[PDB]
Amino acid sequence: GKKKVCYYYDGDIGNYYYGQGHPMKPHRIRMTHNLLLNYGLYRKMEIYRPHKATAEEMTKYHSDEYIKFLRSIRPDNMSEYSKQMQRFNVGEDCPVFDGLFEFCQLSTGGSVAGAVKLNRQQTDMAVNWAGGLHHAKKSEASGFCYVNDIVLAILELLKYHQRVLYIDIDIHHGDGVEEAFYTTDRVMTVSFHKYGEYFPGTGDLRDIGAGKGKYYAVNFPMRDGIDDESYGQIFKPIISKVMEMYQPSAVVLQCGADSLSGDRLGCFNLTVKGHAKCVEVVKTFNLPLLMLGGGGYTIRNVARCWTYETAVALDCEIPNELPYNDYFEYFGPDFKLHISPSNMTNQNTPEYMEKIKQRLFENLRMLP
């Protein structure tokens, strides 16, 4: 039935600024929080302020030199780190900004704290909209991500769970998470993403893992314009087959909202209901679940999406009419929660969707 939900948020998160022209806006996390507060969703959740994850907690995955660099670099001393900046991929996508390290500490803190709460059996679901930064690598920042809070949260879950399932519905391939666990069968990574002339360039349907991890990485490559009908047609069947074969004891779901229609960087056509149907599908399996954020660059739609997904986690129905809130004007001209899909062509034909699903089903038959 209805589950206990723990939500992680730090009121300072919205003040971190990647810089003029950068599409990543931490302010969208504050818009989400304010909208969900004005809908009354705080009365049903346990709200926690995450601790600032230590450099030591981060080195459970990342290299000591990379974390030392992140903790040392600032806009005022950047000139002395031009060598390490190239080495760790700090530049246009992953710039040096005021409070960069503290932003990583809060993003990571929420994910690891949520994983600890799930491990202690003190909650059914844990939510950290500031997390989900799936591109960060062991010793390299990538695609607006510096510390891989997801990998750290999964390593925490692995202390009490033999098998953990990771599902990623961001429009971009979950490469950092897939790479971290590519050679192990203790984590199965499943990513649905746009593939073809698109960042990060990985996630081919033929990338299925290696060594003991062979068949434990699943990639569903998609073309522009996928809609609710098409996404829904493959998501539940694939996740059901993965649950059946893999039998995970905990799940981590990255809810990147850049897969929504009208995203500034994305080219998909999902509505908030279509995106949230993924949360409903996963929630139905009644397993300990960590829900994380990720991409999302049309910030009014990211706030709508994550507010609705928090309501889904709580089994709470909320009206389409938006309540008054601190950012009300951002939701014009309609001031409604739900969004309409665009007229863009769906390049993912029904036959293509079925064919890719059948190839993934063949790989899933190879599990023990």
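All residue numbers are counted from 1 along the displayed sequence. In this text, the rigid core denotes the largest set of C-alpha atoms whose superposition between the two forms falls within 1.5 Å.
Of 84-92 and 252-260, the stretch whose C-alpha atoms sit farther from the shown form in 9 other deposited structures of this protein, after fitting on the rigid core, is 84-92.
For the pair 243-251 and 293-301, the mean Cα B-factor is higher in 243-251. As recorded in the PDB entry, 90-98 is the stretch of 90-98 and 275-283 with the greater mean C-alpha temperature factor. For the set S107, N219, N148, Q122, the PDB entry puts the maximum C-alpha B factor at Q122.
Looking at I169, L165, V177, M78, the one whose CA carries the top B-factor in the deposited record is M78. Ranked by C-alpha B-factor against the other modelled residues of its chain, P323 falls in the middle third. Among the modelled residues of the chain, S72 sits in the highest third by CA temperature factor in this PDB entry.
Sort the modelled residues of the chain by CA B factor and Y215 lands in the middle third. Ranked against the other modelled residues of its chain, the C-alpha B-factor of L118 as given in the entry falls in the middle third.
The PDB entry assigns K137 a C-alpha temperature factor belonging to the middle third of its chain's modelled residues.
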